[PDB]
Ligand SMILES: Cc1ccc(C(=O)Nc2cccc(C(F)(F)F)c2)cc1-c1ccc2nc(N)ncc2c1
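Below you will find one chain, with nothing else, as structure tokens; this is the form solved without the named molecule, and questions on how it binds or moves follow later.
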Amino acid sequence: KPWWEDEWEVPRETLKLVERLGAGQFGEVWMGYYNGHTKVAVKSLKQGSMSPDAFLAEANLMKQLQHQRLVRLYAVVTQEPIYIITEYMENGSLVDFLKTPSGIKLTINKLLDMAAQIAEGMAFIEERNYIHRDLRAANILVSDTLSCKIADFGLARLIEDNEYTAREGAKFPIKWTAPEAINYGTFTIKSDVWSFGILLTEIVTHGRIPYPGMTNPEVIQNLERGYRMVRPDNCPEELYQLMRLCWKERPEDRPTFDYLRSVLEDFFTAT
């Protein structure tokens, strides 16, 4: 819809940006208020840093993926500077939260709970024929009640047929990205499942970088020998074997996110 009919468009005057949470090459992220009382996150586009069409495409995709386990699009201001307003998540990124005094005290039980919540959000994305492609603890946000939601849909895509192929010049985080996506640029929901297995190691290690002590060439070399990430310290073997399913060689042999959600809930209700 044109912005004058779009249900997400709001007058910029309805927003007050109060605290800048971050600033980067393509703009800033602020904590603000909509119509004085509702706390929201506001991401602003730095004019000229990237395409305004590319920036807003993320908001258009979020209109199609509304679910409790996914950060909700709150509003948009299409006039420059362009703003994407979203659901505020009080405890920030999971990879950061796990390192705070509160995150550190979490039991393995609550960590398994959070992992299941993430799988539940990814199961929705899976059922709607989308892929995320940037699934990692930095892109999970944590609310004030310690619930988790999927965030940062900049690389997310609608899959018409089973697979999305990136540009050959495209490069992705080697430690989190599935082999077929690194090698062929081919992404499917099964590539996200591999990434989820890596995200599970970030959860159990309270935010440690995957593949401790290894460079990306060493990670690639080990994976091609059939090795997978070494058991993280204090990782429950049941959770480690679930990570291994996520890292199966053939994408089609990897589990569905609905399966992963169900298993993790069982792990949680057991612990």
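For every residue, the number given is its place in the sequence shown, counted from 1. Definition used throughout: the rigid core is the maximal C-alpha set that superposes within 1.5 Å between two forms.
Q: Core fit done; bigger CA RMS in 8 other deposited structures of this protein for 22 to 30 or for 58 to 66?
A: It is 22 to 30 that deviates more in 8 other deposited structures of this protein.
Q: On mean Cα temperature factor in this entry, is 36 to 44 or 59 to 67 the higher one?
A: The stretch with the larger average C-alpha B-factor is 59 to 67.
Q: So, looking at the entry's B-factor column for Cα atoms, which has the higher mean, 13 to 21 or 254 to 262?
A: Higher mean C-alpha B-factor: 13 to 21.
Q: Can you tell me which of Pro101, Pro81, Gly121, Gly92 has the maximum CA B-factor listed in the PDB entry?
A: By C-alpha B-factor in the record, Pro81 ranks first.
Q: Pick out which of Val76, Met114, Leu200, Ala170 has the highest C-alpha B-factor in the PDB entry.
A: Spelled out: the listed residue with the top C-alpha B-factor is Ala170.
Q: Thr215's Cα B-factor: lowest, middle or highest third of the chain?
A: Middle third.
Q: How does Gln241 rank on Cα B-factor within its chain, lowest, middle or highest third?
A: For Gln241, the deposited C-alpha B-factor lands in the lowest third.
Q: Report the third (lowest, middle or highest) to which the CA temperature factor of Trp30 belongs, ranking only the modelled residues of the same chain.
A: According to the entry, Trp30 has a C-alpha B-factor in the chain's middle third.
Q: Should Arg225 be placed in the lowest, middle or highest third of its chain by the C-alpha B factor in the entry?
A: Within its chain, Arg225 is a middle-third residue by C-alpha B-factor, going by the deposited values.
Q: Based on the entry's values, in what third of the chain does the Cα temperature factor of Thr188 lie: lowest, middle or highest?
A: According to the entry, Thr188 has a C-alpha B-factor in the chain's middle third.
This protein has a second form, the form solved in complex with the named molecule, left out of what is shown; the following refers to that one.
Q: Check the shown form for clashes with the named molecule: superpose the C-alphas around the site so the partner sits as in the bound PDB entry, and report blocked if 3 or more ligand atoms are within 2.4 Å of backbone or C-beta atoms, open if none are.
A: Blocked, per the superposed partner pose.
Q: Tell me the stretch among 176 to 184, 197 to 205, 130 to 138, 112 to 120 that has any heavy atom within 4.5 angstroms of the named molecule in the bound PDB entry.
A: In short, 130 to 138.
Q: Please check if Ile150 has a heavy atom lying within 4.5 Å of any heavy atom of the named molecule in the bound PDB entry.
A: Yes.
Q: Would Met243 count as a contact of the named molecule in the bound PDB entry, using a 4.5 angstroms cut-off between non-hydrogen atoms?
A: No, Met243 sits far enough from the named molecule in the bound PDB entry that none of its heavy atoms falls within 4.5 Å.
Q: When the contact criterion is heavy atoms within 4.5 Å, does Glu87 count as touching the named molecule in the bound PDB entry?
A: Contact with the named molecule, yes.
Q: Counting only non-hydrogen atoms and a 4.5 angstroms cut-off, does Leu17 reach the named molecule in the bound PDB entry?
A: Output for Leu17 is no: heavy atoms all beyond 4.5 Å of the named molecule.
Q: Relative to the named molecule in the bound PDB entry, which residues of 10 to 31 have a heavy atom no more than 4.5 Å away?
A: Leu21, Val29, in sequence order.
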